[PDB]
Each structure stands twice: as C-alpha cells, then as structure tokens.
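Take a look at the structure set out below.
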Amino acid sequence: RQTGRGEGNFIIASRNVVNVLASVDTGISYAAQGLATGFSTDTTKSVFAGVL
Amino acid sequence: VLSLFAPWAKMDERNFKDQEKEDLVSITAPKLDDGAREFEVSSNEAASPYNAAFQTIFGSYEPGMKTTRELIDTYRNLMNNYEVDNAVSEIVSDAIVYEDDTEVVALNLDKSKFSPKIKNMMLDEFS
Amino acid sequence: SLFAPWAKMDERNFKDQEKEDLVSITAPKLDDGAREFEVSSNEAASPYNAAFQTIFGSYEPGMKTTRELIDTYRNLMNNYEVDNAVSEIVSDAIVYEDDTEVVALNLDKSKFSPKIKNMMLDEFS
C-alpha cells in the first residue's frame with residue numbers, strides 16, 4: 001500500500017526467526033510444529049533457506 | 001536455476017521420476033561405474049532443494065580441479081614433444097579416416113527399426 | 001534386511017546342508033576360498049566371543065593382503081609394457097568383430113524341452 005507495485009516477496013531474518021519459520025507449516029491448517037524441514041537453515045551452506 | 005538449461009532440466013527431471021518409481025533398492029554401493037565422481041548429499045529423505053544443490057556443487061568442484069588441471073596440461077605438454085605428437089597423429093589419422101569422395105562415420109540402420117520412413121529421417125539428422 | 005529375499009534361499013541352502021549326511025569329516029570342506037571362522041553350535045553358547053576376536057583379529061592386518069595386492073596390481077598395470085600384457089590377454093580373451101558373436105550360451109546337450117532352451121537363451125541375453 002505504500003508502493004502499489006506489489007506486496008512484499010521476501011524476508012531476511014535472524015536465525016532464531018528462521019528457526020521458527022522453518023519448523024512450522026505456513027499452509028492454512030489446523031496446526032503444525034516439528035524440526036526444521038524444507039528450509040535450509042544452515043548458513044554454512046546457504047543464505048537462502050526457501051520460500052514461505 | 002539459470003534459464004539457459006531450462007529444457008534440459010526438464011529432461012533430467014523426467015528421467016529422475018522414472019528412477020524414483022523403480023525397484024533399484026537394496027544398493028550397498030551406488031550404481032555407478034565410471035566417469036563422474038559422486039558426493040554424499042543432505043538427502044532430506046530424498047530432497048535437495050536447488051539452493052542446497054548450489055553449495056553441493058561448490059563442495060564437489062573444489063577438492064580436485066587441480067588434479068584435472070595438472071593432467072590436462074601435462075597431456076598437452078606431452079603432445080608438443082618429438083615422436084609423441086606423431087603417435088597421436090597416426091592414431092588420429094586411422095581413427096578418423098576421411099578421403100576424397102568418401103563418407104564420414106554415418107548412421108547405418110541395417111537392423112530392424114520402426115520404419116524406413118524414420119530411418120531416412122534419422123540418417124538425414126545424423127548428417 | 002535389504003537382501004532378505006536372497007537370504008531366504010541361502011538359509012534354506014544352509015539348512016539343507018545341516019540336514020545332509022556329509023558327516024564324520026576331519027577335513028575342512030575348503031578347496032579354494034574364504035577366510036575360515038569356527039564356532040560351536042551348542043545352542044549358540046559363544047559364537048559372539050569368537051566373532052569379536054575374529055573381527056578384530058582380522059582388523060589387525062586390515063585386509064592389507066588384498067588391499068596391497070589390488071593397489072599393486074593396478075600400479076603394475078599402470079606401467080609401460082605391462083599394460084600391453086594385460087590388454088593383449090583381454091583382447092584375445094574377449095573378442096568382438098563386425099556384427100559377430102560374443103560369449104554365448106550353447107545348449108547342445110539333452111534338455112527337458114526346446115521351450116526351456118529358448119527361455120535360457122533369452123535370460124542369457
């Protein structure tokens with residue numbers, strides 16, 4: 001609403017923020033928590049974990 | 001994923017799906033024989049997101065480019081020596097024979113194939 | 001359990017030998033082969049003590065015999081005028097020519113039926 005060219009499409013965050021994101025679903029659903037899965041959170045190898 | 005390889009990526013994906021659907025399980029050693037050097041990957045059950053692959057390729061390329069570099073340069077230097085280059089020359093001459101009013105290696109469909117119509121098209125493409 | 005379906009036959013084969021009357025033999029049934037490991041049956045009273053000593057006793061040389069020999073054989077083959085021997089043998093041993101035969105099954109003895117011969121030939125291919 002401040003640009004009108006489109007809604008945010010990326011997040012950059014601390015590891016802790018990511019640990020949460022990486023370990024929960026994003027899907028609209030009942031609930032879900034586990035170990036990080038799809039998101040590669042190891043900064044040793046990447047900087048890019050995945051897409052929420 | 002660089003766009004220059006888009007259709008090739010799709011071809012590989014299709015081949016992978018067939019492998020995934022097969023019974024080639026109970027493998028104590030990866031079923032490779034020669035050529036390419038392997039690498040043990042994260043294997044998140046089966047997953048390797050492209051971004052995981054990106055580091056994976058760096059970590060495959062570093063420990064050994066030097067070896068390749070030394071061997072190739074060595075071979076090229078050997079190739080510039082007296083009576084070495086000649087070995088290659090004679091090998092090349094016989095391996096690739098090409099003369100006046102003569103053919104080149106060409107497709108020879110002398111065994112059963114789907115159809116002569118296709119055989120002719122295959123030959124033209126081979127050319 | 002990756003080869004459990006194979007093991008099923010192997011277990012049977014072993015049992016068929018246990019149920020066989022090839023007994024009262026002082027000699028080993030060893031012609032040319034594998035490293036020998038020996039334990040009692042005795043309701044499995046101590047196969048594990050023997051196994052651990054055997055395993056670590058084998059670890060001691062670390063299969064250096066096999067290891068050194070294969071590496072040696074390769075290092076030998078890697079030499080000039082050595083590969084030639086190997087390659088000539090292989091060449092003479094395995095022969096390919098234009099549209100010719102390669103190793104092939106030849107069922108020239110009595111067989112149960114021609115159909116089986118065909119099955120075997122297809123499997124050979």
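Quick note on naming: the chains in the structure tokens go A, B, ... in the order shown, residues restart at 1 in each chain, and ligands are numbered from 1 in order of appearance.
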Set the cut-off to 7 Å and count only C-alpha atoms: what are the residues of chain A that reach chain B? Output as a list in words. residues 40, 45, 46 and 48 of chain A
Mind listing the helix (DSSP H, G or I) residues of chain B, per DSSP on the backbone, as a PyMOL selection string? chain B and resi 3-20+50-61+65-78+85-95+116-126
May I have the residues of chain C within 10 Å of chain B, counting only C-alpha atoms, written as a tab-separated table (two decimals) with C-alpha atoms, in the first residue's frame?
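Output contents, as saved in selection-v7.tsv:
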chain	number	residue	atom	x	y	z
C	1	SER	CA	17.23	-56.84	5.54
C	2	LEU	CA	17.97	-55.40	2.14
C	3	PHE	CA	18.83	-58.81	0.74
C	4	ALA	CA	16.41	-60.67	2.97
Would you mind listing what lies within 12 Å of residue 63 in chain B as an mmCIF file with N, CA and C atoms, in the first residue's frame, with only C-alpha atoms counted and same-chain residues fewer than 6 positions away left out?
data_model
loop_
_atom_site.group_PDB
_atom_site.id
_atom_site.type_symbol
_atom_site.label_atom_id
_atom_site.label_comp_id
_atom_site.auth_asym_id
_atom_site.auth_seq_id
_atom_site.Cartn_x
_atom_site.Cartn_y
_atom_site.Cartn_z
ATOM 1 N N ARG B 37 32.471 -38.290 -10.600
ATOM 2 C CA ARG B 37 32.771 -38.567 -9.168
ATOM 3 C C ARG B 37 31.546 -38.187 -8.325
ATOM 4 N N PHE B 39 29.102 -37.726 -4.660
ATOM 5 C CA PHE B 39 29.095 -36.893 -3.480
ATOM 6 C C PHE B 39 27.925 -37.281 -2.584
ATOM 7 N N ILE B 57 27.384 -28.209 -5.237
ATOM 8 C CA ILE B 57 28.287 -28.178 -6.374
ATOM 9 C C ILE B 57 29.603 -27.494 -5.987
ATOM 10 N N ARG B 69 43.378 -30.200 -13.788
ATOM 11 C CA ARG B 69 44.223 -29.137 -14.394
ATOM 12 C C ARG B 69 45.634 -29.672 -14.661
#
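As for CA of residue 65 in chain C and CA of residue 29 in chain C, they are spaced 23.2 Å apart.
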Selection: 7 Å around range 103-109 of chain B, only C-alpha atoms, excl. self and same-chain fewer than 4 positions, as a short mmCIF file (atom, residue, chain, number, x, y, z; two decimals) with N, CA and C atoms, in the first residue's frame:
data_model
loop_
_atom_site.label_atom_id
_atom_site.label_comp_id
_atom_site.auth_asym_id
_atom_site.auth_seq_id
_atom_site.Cartn_x
_atom_site.Cartn_y
_atom_site.Cartn_z
N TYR B 98 39.21 -39.99 -43.55
CA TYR B 98 38.41 -39.20 -44.44
C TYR B 98 39.21 -38.95 -45.69
N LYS B 119 13.87 -44.23 -40.68
CA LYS B 119 15.29 -44.48 -40.90
C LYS B 119 15.89 -43.39 -41.78
N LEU B 123 18.84 -40.71 -40.66
CA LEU B 123 20.08 -40.56 -41.38
C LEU B 123 20.31 -39.10 -41.72
N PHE B 126 21.40 -37.34 -38.69
CA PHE B 126 22.74 -37.72 -38.31
C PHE B 126 23.71 -36.89 -39.13
#
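Distance-wise, CA of residue 43 in chain A and CA of residue 18 in chain A end up 11.1 Å apart.
The residue set within 12 Å of range 8-16 of chain A, counting only C-alpha atoms and dropping same-chain residues fewer than 6 places from it, reads residues 1, 2, 22, 23, 36, 39, 40, 41, 42, 43, 47, 48, 49, 50, 51 and 52 of chain A.
Between CA of residue 52 in chain C and CA of residue 23 in chain C the interatomic distance comes to 27.8 Å.
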